[PDB]
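Undergrad: I have a structure I would like to understand better, so I am pasting it below and will then ask my questions one at a time.
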Amino acid sequence: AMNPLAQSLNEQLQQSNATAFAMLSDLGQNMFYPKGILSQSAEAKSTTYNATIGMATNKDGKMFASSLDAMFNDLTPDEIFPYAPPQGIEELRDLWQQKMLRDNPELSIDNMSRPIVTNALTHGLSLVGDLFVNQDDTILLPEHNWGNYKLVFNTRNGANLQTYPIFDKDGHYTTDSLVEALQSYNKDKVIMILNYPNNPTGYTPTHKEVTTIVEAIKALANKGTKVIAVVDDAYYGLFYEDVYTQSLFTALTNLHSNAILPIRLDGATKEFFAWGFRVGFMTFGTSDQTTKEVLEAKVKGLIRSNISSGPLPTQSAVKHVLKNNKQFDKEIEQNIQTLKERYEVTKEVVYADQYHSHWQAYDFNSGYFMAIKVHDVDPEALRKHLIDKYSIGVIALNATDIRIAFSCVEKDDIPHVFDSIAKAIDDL
Amino acid sequence: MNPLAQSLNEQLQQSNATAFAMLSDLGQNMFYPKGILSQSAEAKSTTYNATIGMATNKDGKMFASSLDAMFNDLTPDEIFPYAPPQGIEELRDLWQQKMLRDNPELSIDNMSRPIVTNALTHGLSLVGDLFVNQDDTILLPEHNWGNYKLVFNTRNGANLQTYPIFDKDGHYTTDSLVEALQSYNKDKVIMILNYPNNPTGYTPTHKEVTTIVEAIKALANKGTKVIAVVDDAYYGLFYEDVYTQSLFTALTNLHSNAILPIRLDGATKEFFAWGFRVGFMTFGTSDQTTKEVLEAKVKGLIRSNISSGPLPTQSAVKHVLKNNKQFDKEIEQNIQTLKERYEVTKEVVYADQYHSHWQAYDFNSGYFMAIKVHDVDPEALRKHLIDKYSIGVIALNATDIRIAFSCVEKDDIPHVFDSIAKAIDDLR
Ligand SMILES: [Mg+2]
């Protein structure tokens with residue numbers, strides 16, 4: 001019961017990129033983007049009297065309530081009320097690609113698809129699940145990770161999560177355990193999640209470390225394992241030290257292996273301080289035109305059959321600020337500088353000699369968060385005590401670790417927060 | 001299966017075994033995580049909340065003034081932060097209030113609190129996730145929206161079974177639905193009820209709704225579990241004396257545990273806000289446990305798919321629900337415009353001069369009407385209308401075309417149908 005259109009797409013992808021086809025889930029194979037009506041509706045645009053549009057319109061555009069239109073500035077009614085395409089507003093796709101190219105000097109436009117707009121990064125992850133993750137596939141990811149990966153990939157998609165450490169005994173970042181995991185990996189397919197800056201540790205690797213990671217992934221690919229390399233760039237750009245500042249997507253795409261499919265998920269969510277906008281992007285690392293076209297068709301079908309399309313007003317808002325808007329650039333830079341100064345205070349406080357008996361920080365240099373391994377006490381007992389007595393909210397990640405978001409603590413408040421954590425530990 | 005899902009399932013089984021029996025495999029496995037989310041809500045009343053995955057300062061969330069400048073009347077905390085996965089709680093309340101106002105025979109005790117979705121398609125997708133197994137059957141009219149197939153067949157692997165809703169003479173009939181329900185031979189069905197209809201613009205009378213819901217009750221009592229999806233995309237766009245409550249109300253008032261009504265409605269068409277992506281999902285049940293378990297599972301489904309929906313458009317819909325006087329008048333005017341176009345369409349479609357050209361399917365609502373064209377192929381007609389007459393219409397099937405008066409000014413409608421008649425004569 002596969003649609004002829006899906007079969008057509010599959011055959012084209014098989015001829016041009018058999019490994020990419022082999023990576024598709026069952027849903028991935030069955031998906032396509034329907035013609036018929038869209039083509040009919042498209043053909044109607046050349047007519048004086050277009051009676052095909054499923055929206056209320058009149059002589060000068062869409063019908064709308066002026067009272068709703070009044071809640072926006074700088075956007076035309078056509079940038080607010082109509083449907084966005086399932087793939088997102090085409091201009092936005094262009095402008096976001098331009099931004100990526102600016103941020104990633106070593107990335108070539110020929111080596112990627114045009115970014116497709118998603119309902120932010122979670123939707124991107126869900127789309128990866130739809131398109132490439134079968135029940136009982138394996139997700140390979142650090143033991144320090146975002147809890148929603150499990151709900152997306154295990155609970156929704158039926159995959160297994162296999163974890164590997166990314167910090168050693170002394171709380172310092174290490175690639176050794178990833179390399180060991182890749183060397184022992186015994187299946188013909190893996191989906192890897194790479195999230196740097198990291199939630200929950202706020203670590204971004206050095207170029208040295210990135211090289212090691214991507215060379216290790218290439219070695220796995222060459223052993224006969226197909227690698228879907230999901231690059232979760234939620235905190236991209238929030239870099240406070242001399243680290244690798246391109247996306248790992250670029251490093252991975254520049255390997256030029258047909259057995260590795262890099263997928264970049266990025267967006268406005270944290271980069272543009274726009275969490276509720278729900279504007280993100282999905283980009284494939286491939287130089288093959290057919291692959292680009294078939295994957296775009298399938299993603300369009302996946303989006304159409306899930307949410308139809310994303311929010312036009314917030315897509316339009318993001319589109320506008322991408323057009324070399326120097327004021328917006330400065331505002332983002334200011335905001336990131338605030339985070340960097342908070343990071344700097346956090347570094348000075350967390351590594352002070354007086355707290356060496358209280359915790360061991362995991363390396364951090366980016367993002368929103370850092371984590372500490374609390375000594376001789378339960379992180380859960382510590383958390384509730386901090387809420388009850390000190391009026392401080394922290395996250396207990398696991399049996400040993402606490403996460404603190406310096407993203408929501410003012411610079412002047414940070415020493416108090418950490419000193420209160422140390423006192424709270426000493427209490428128990 | 002996660003322990004939390006097992007917990008929810010056991011509670012549902014004890015309180016509403018049939019509702020549990022309706023769940024898909026995904027539906028059974030879903031839950032809403034505690035862990036890190038629970039820890040965050042416990043710290044909401046802390047002075048220093050360092051658990052939030054956002055950037056904040058003393059004033060509230062951090063943001064770019066250039067983006068904030070694109071909105072009026074909304075505060076930044078109504079624009080930039082995350083919405084909850086279930087939607088802004090105030091919006092849920094206000095929409096429920098609207099539903100109650102629109103549906104006098106609906107009791108607040110007999111429904112869940114509406115959950116916000118990314119408009120109605122997301123609602124349909126969620127029904128698919130939660131209740132549709134591969135090879136389940138969707139029972140729906142043969143006149144239907146093409147995306148139902150992509151959502152339920154292509155994405156979810158269900159079969160569509162159609163039944164006619166118009167007789168020989170283009171007149172609406174419940175006879176074929178009753179016949180279909182009497183012969184239906186499986187233990188589960190997912191029905192889709194879409195009135196006003198796409199593509200025919202028909203809404204049934206009180207009389208007809210009674211027949212429909214009595215027939216569905218009879219099927220339920222034979223031992224078939226009925227998920228009754230009420231697609232209210234065009235709700236409120238009523239131009240004749242028809243049933244003006246949602247069919248959700250009629251179905252909920254049956255009080256059968258073997259029928260689970262699910263209402264999908266939203267701002268999309270009701271508020272002339274297609275690109276906003278604000279819709280709602282409501283369950284027809286009087287059982288508190290059912291309400292809580294289904295909400296938990298839907299939250300998990302949303303969290304693992306899109307995370308959350310767009311805050312700015314949710315906040316906008318909230319605002320026009322609260323500050324409503326002017327907005328309500330503007331919407332009323334737009335609907336009056338649609339009514340007048342309908343009235344012209346009726347006057348013209350049934351004029352004697354066109355008796356040989358087509359047979360209209362009954363219509364009284366929404367955006368569209370359909371005609372059965374005499375003696376000519378709709379596709380050939382559609383192409384010829386574009387080429388010679390500069391008229392754009394949709395060819396639905398082997399005999400019918402759809403005309404959207406939603407996008408044709410009142411004074412141009414007679415010309416459109418004049419040209420359709422002329423084009424038909426050209427081809428026969
Ligand atoms: Mg999958």
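Simple scheme: letters A, B, ... for chains in structure tokens order, numbers from 1 for residues in each chain, numbers from 1 for ligands in the order shown.
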Tell me which protein, DNA and RNA residues are within 8 Å of region 372-384 of chain B, counting only C-alpha atoms, leaving out same-chain ones fewer than 3 positions away, and put them as a list in words.
TA: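 Neighbouring residues, sequence-local ones excluded: residues 170, 356, 357, 358, 359, 360, 361, 387, 388, 389, 392, 393, 394, 395, 396, 397, 398, 399, 400, 401, 423, 424, 427 and 428 of chain B.
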Undergrad: Within 6 Å of chain A, which residues belong to chain B? Use only C-alpha atoms and report them as a ChimeraX atom specification.
TA: /B:43,46-51,55-57,63-64,66,70-72,80-82,121-122,125,150-151,272-277,304-307,310-311,327,330,390-394,403-404,406-407,409
Undergrad: Based on DSSP run over this structure's backbone, return all residues of region 81-230 of chain A in strand (DSSP E), as a ChimeraX atom specification.
TA: /A:116-118,138-142,160-164,189-194,226-230
Undergrad: Residues at most 9 Å from residue 250 (chain B), counting only C-alpha atoms, excluding those fewer than 2 positions away in the same chain, as a list in words?
TA: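 Contacts, with the query itself left out: residues 105, 106, 209, 210, 213, 245, 246, 247, 248, 252, 253 and 254 of chain B.
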Undergrad: Just C-alpha atoms for this one: save the residues we selected as a PDB file, in the first residue's frame.
TA:
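Contents of part.pdb, freshly written:
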```
ATOM      1  CA  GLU B 105     -26.159  21.963  25.975  1.00  0.00           C
ATOM      2  CA  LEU B 106     -22.519  21.166  26.770  1.00  0.00           C
ATOM      3  CA  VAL B 209     -27.456  15.188  13.657  1.00  0.00           C
ATOM      4  CA  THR B 210     -29.879  13.220  15.842  1.00  0.00           C
ATOM      5  CA  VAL B 213     -25.503  10.276  16.748  1.00  0.00           C
ATOM      6  CA  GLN B 245     -23.622  23.464  18.232  1.00  0.00           C
ATOM      7  CA  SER B 246     -20.607  21.233  17.620  1.00  0.00           C
ATOM      8  CA  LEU B 247     -21.410  17.578  16.921  1.00  0.00           C
ATOM      9  CA  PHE B 248     -19.059  17.051  19.882  1.00  0.00           C
ATOM     10  CA  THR B 252     -20.858  13.781  24.474  1.00  0.00           C
ATOM     11  CA  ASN B 253     -24.497  13.969  25.576  1.00  0.00           C
ATOM     12  CA  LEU B 254     -24.952  10.285  24.590  1.00  0.00           C
TER      13      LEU B 254
END
```
Undergrad: Using only C-alpha atoms, determine which residues lie at most 8 Å from residue 87 (chain B), disregarding the query and same-chain residues fewer than 6 positions distant; provide the list as a list in words.
TA: residues 115, 116, 117, 308, 309 and 314 of chain B
Undergrad: Filtering to N, CA, C and O atoms, could you give me those residues as a compact mmCIF listing (two decimals), in the first residue's frame?
TA:
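Now in selection16.txt:
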```
# COMPACT_ATOMS: atom_id res chain seq x y z
N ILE B 115 -6.85 21.26 25.37
CA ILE B 115 -5.39 21.35 25.26
C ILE B 115 -5.04 22.06 23.97
O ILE B 115 -5.64 21.78 22.94
N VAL B 116 -4.09 22.99 24.03
CA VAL B 116 -3.69 23.76 22.85
C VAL B 116 -2.81 22.88 21.99
O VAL B 116 -1.98 22.15 22.50
N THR B 117 -3.06 22.94 20.68
CA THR B 117 -2.28 22.24 19.68
C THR B 117 -1.83 23.27 18.64
O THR B 117 -2.30 24.41 18.64
N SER B 308 6.38 22.49 22.36
CA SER B 308 5.32 23.43 22.66
C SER B 308 5.00 24.23 21.40
O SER B 308 5.76 24.22 20.42
N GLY B 309 3.87 24.92 21.44
CA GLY B 309 3.40 25.74 20.35
C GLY B 309 3.82 27.19 20.51
O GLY B 309 4.42 27.57 21.53
N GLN B 314 -0.49 32.25 20.56
CA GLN B 314 -1.33 31.87 21.70
C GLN B 314 -1.71 33.08 22.54
O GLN B 314 -2.87 33.22 22.94
```
Undergrad: Quick one: everything within 10 Å of region 96-103 of chain B, counting only C-alpha atoms, minus sequence neighbours fewer than 4 positions away in the same chain. Send it as a list in words.
TA: residues 90, 91, 92, 107, 108, 111, 112, 113, 114, 115, 235, 236, 244, 245, 246, 247, 248, 249, 250, 265, 280, 282 and 321 of chain B
Undergrad: Store the residues picked out above, limited to C-alpha atoms, as a PDB file, in the first residue's frame.
TA:
```
ATOM      1  CA  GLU B  90      -5.384  31.092  30.652  1.00  0.00           C
ATOM      2  CA  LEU B  91      -5.948  30.413  26.971  1.00  0.00           C
ATOM      3  CA  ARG B  92      -7.249  26.932  27.803  1.00  0.00           C
ATOM      4  CA  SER B 107     -21.591  20.825  30.442  1.00  0.00           C
ATOM      5  CA  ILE B 108     -18.122  21.631  31.765  1.00  0.00           C
ATOM      6  CA  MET B 111     -15.365  17.453  28.895  1.00  0.00           C
ATOM      7  CA  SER B 112     -11.646  17.740  29.537  1.00  0.00           C
ATOM      8  CA  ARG B 113     -10.093  21.189  29.567  1.00  0.00           C
ATOM      9  CA  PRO B 114      -9.095  21.954  25.978  1.00  0.00           C
ATOM     10  CA  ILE B 115      -5.391  21.348  25.265  1.00  0.00           C
ATOM     11  CA  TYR B 235     -17.293  25.958  12.994  1.00  0.00           C
ATOM     12  CA  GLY B 236     -19.544  29.027  13.324  1.00  0.00           C
ATOM     13  CA  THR B 244     -25.184  25.266  15.294  1.00  0.00           C
ATOM     14  CA  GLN B 245     -23.622  23.464  18.232  1.00  0.00           C
ATOM     15  CA  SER B 246     -20.607  21.233  17.620  1.00  0.00           C
ATOM     16  CA  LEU B 247     -21.410  17.578  16.921  1.00  0.00           C
ATOM     17  CA  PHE B 248     -19.059  17.051  19.882  1.00  0.00           C
ATOM     18  CA  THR B 249     -21.883  18.245  22.148  1.00  0.00           C
ATOM     19  CA  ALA B 250     -24.453  15.859  20.619  1.00  0.00           C
ATOM     20  CA  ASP B 265     -11.267  23.385  16.808  1.00  0.00           C
ATOM     21  CA  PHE B 280      -7.476  22.875  20.648  1.00  0.00           C
ATOM     22  CA  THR B 282     -11.018  18.347  23.854  1.00  0.00           C
ATOM     23  CA  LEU B 321     -10.740  36.504  23.713  1.00  0.00           C
TER      24      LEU B 321
END
```
Undergrad: Using only C-alpha atoms, determine which residues lie at most 8 Å from region 349-360 of chain A, disregarding the query and same-chain residues fewer than 5 positions distant; provide the list as a PyMOL selection string.
TA: chain A and resi 170-171+372-375+414-415+418+422+425-426
Undergrad: Filtering to N, CA, C and O atoms, could you give me those residues as a compact mmCIF listing (two decimals), in the first residue's frame?
TA:
```txt
# COMPACT_ATOMS: atom_id res chain seq x y z
N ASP A 170 38.13 13.36 36.88
CA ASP A 170 38.42 14.67 37.45
C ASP A 170 37.47 15.76 36.95
O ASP A 170 37.68 16.96 37.20
N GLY A 171 36.41 15.34 36.26
CA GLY A 171 35.42 16.26 35.72
C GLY A 171 35.84 16.93 34.42
O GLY A 171 35.15 17.85 33.96
N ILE A 372 27.81 20.36 38.51
CA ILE A 372 28.77 20.01 39.55
C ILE A 372 28.43 18.64 40.11
O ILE A 372 27.25 18.29 40.24
N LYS A 373 29.46 17.85 40.39
CA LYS A 373 29.31 16.59 41.11
C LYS A 373 29.44 16.93 42.59
O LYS A 373 30.52 17.32 43.05
N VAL A 374 28.35 16.78 43.33
CA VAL A 374 28.34 17.14 44.75
C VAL A 374 28.92 15.99 45.58
O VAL A 374 28.55 14.83 45.38
N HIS A 375 29.84 16.32 46.49
CA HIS A 375 30.54 15.31 47.30
C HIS A 375 29.74 14.93 48.55
O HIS A 375 29.10 15.77 49.18
N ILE A 414 25.43 35.47 41.66
CA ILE A 414 26.02 34.15 41.45
C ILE A 414 26.89 33.66 42.62
O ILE A 414 26.76 32.50 43.03
N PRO A 415 27.76 34.51 43.17
CA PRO A 415 28.50 34.05 44.36
C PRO A 415 27.60 33.63 45.52
O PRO A 415 27.88 32.63 46.16
N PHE A 418 26.12 30.05 44.84
CA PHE A 418 27.08 28.96 45.04
C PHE A 418 27.52 28.81 46.50
O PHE A 418 27.65 27.68 46.99
N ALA A 422 27.08 25.47 48.92
CA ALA A 422 28.12 24.94 49.81
C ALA A 422 27.66 24.84 51.26
O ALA A 422 27.91 23.84 51.93
N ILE A 425 25.18 21.99 51.47
CA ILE A 425 25.88 20.70 51.50
C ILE A 425 26.40 20.41 52.91
O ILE A 425 26.19 19.32 53.44
N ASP A 426 27.08 21.39 53.50
CA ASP A 426 27.64 21.26 54.84
C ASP A 426 26.58 20.97 55.90
O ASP A 426 26.90 20.38 56.93
```
Undergrad: Suppose you want the space between CA of residue 343 (chain B) and CA of residue 411 (chain B); what is it in Å?
TA: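 Between CA of residue 343 (chain B) and CA of residue 411 (chain B) the gap works out to 11.5 Å.
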Undergrad: Quick one: residues within 6 Å of residue 230 (chain B), only C-alpha atoms, excluding same-chain residues fewer than 2 positions away - as a short mmCIF file (atom, residue, chain, number, x, y, z; two decimals) with N, CA and C atoms, in the first residue's frame?
TA:
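Dumped to out_3.cif:
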```cif
data_model
loop_
_atom_site.label_atom_id
_atom_site.label_comp_id
_atom_site.auth_asym_id
_atom_site.auth_seq_id
_atom_site.Cartn_x
_atom_site.Cartn_y
_atom_site.Cartn_z
N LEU B 193 -15.86 13.38 11.52
CA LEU B 193 -17.05 14.15 11.20
C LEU B 193 -16.63 15.60 11.00
N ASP B 232 -13.83 20.56 13.58
CA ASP B 232 -14.61 21.80 13.58
C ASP B 232 -13.87 22.99 12.93
N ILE B 262 -13.95 13.52 20.36
CA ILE B 262 -12.77 14.37 20.40
C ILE B 262 -13.02 15.58 19.51
N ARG B 263 -13.06 16.76 20.11
CA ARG B 263 -13.26 17.97 19.35
C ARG B 263 -11.93 18.60 18.98
#
```
